[PDB]
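> just dropping in an experimental structure and the matching sequence.
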Amino acid sequence: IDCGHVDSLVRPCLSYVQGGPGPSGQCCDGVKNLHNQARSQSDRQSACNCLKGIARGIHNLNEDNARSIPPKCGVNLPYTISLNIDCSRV
C-alpha cells in the first residue's frame, strides 16, 4: 500500500474539511471501507502518510470538520486531514 488507492478514499472527506458543503456519500462508505480493510499496522501507517502529505499543503485546514467526519457518519478513524495523530499504535 504505497498510498495509491487510499488517496482517492480520503480525498472526498477533504471537501468538508476545507469548510464547505460535504464531505460526500463516498467519504463515509469510501473511508469506512479502507478503514475496515486496514487490519494491519501497514494499512494504518500508509493511509496516515496520504492525508499527511495532503494536509501539509492545506493552509486554512479546518480541524472542526476533519474531526467531524468520523463522528457524523460513524466511521471513527484514528486519523484525519490534520497533524494531531501518530498512526503508530492505532
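Yep, that arrived. Residues are numbered from 1 along each chain as shown.
> contacting residues around the residue lying closest to residue 24 once chain neighbours are set aside?
Take residue 24 and drop its neighbours on the chain: the residue closest to it by C-beta to C-beta, 6 or more residues apart in numbering is residue 12, 4.2 Å away. No exception for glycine: its C-beta is placed from N, CA and C like everyone else's. Applying C-beta atoms under 8 Å, 6 or more residues apart in numbering, one finds that residue 12 lies in contact with 22-24, 26-27, 30-31.
> pull out the buried members of those residues.
Buried by 16 or more other C-beta atoms under 10 Å: 22-23, 26-27, 30-31, out of those.
> heading C-terminal from the longest helix anywhere in the chain, find the next helix or strand.
Assignment by DSSP state H gives helix 41-55 as the longest helix of the chain. Once the chain leaves helix 41-55, the next helix or strand it forms, by DSSP states H and E, is helix 63-73.
> for that following helix, buried residues please.
Per 16+ other C-beta under 10 Å, helix 63-73 contains these buried residues: 65-67, 69-70, 73.
> right, and residue 60 touches residue 19 too?
Yes - between residue 60 and residue 19 there is a contact at 7.0 Å, judged by C-beta atoms under 8 Å.
> more neighbours: which of those two?
residue 19 (11 against 7; other C-beta atoms under 10 Å).
> find the nearest non-adjacent residue to that one, please.
That would be residue 62: by C-beta to C-beta, 6+ apart, it lies 4.8 Å from residue 19.
> how about residue 80?
Residue 80 sits nearest to residue 66 (C-beta to C-beta, 6+ apart), 4.0 Å away.
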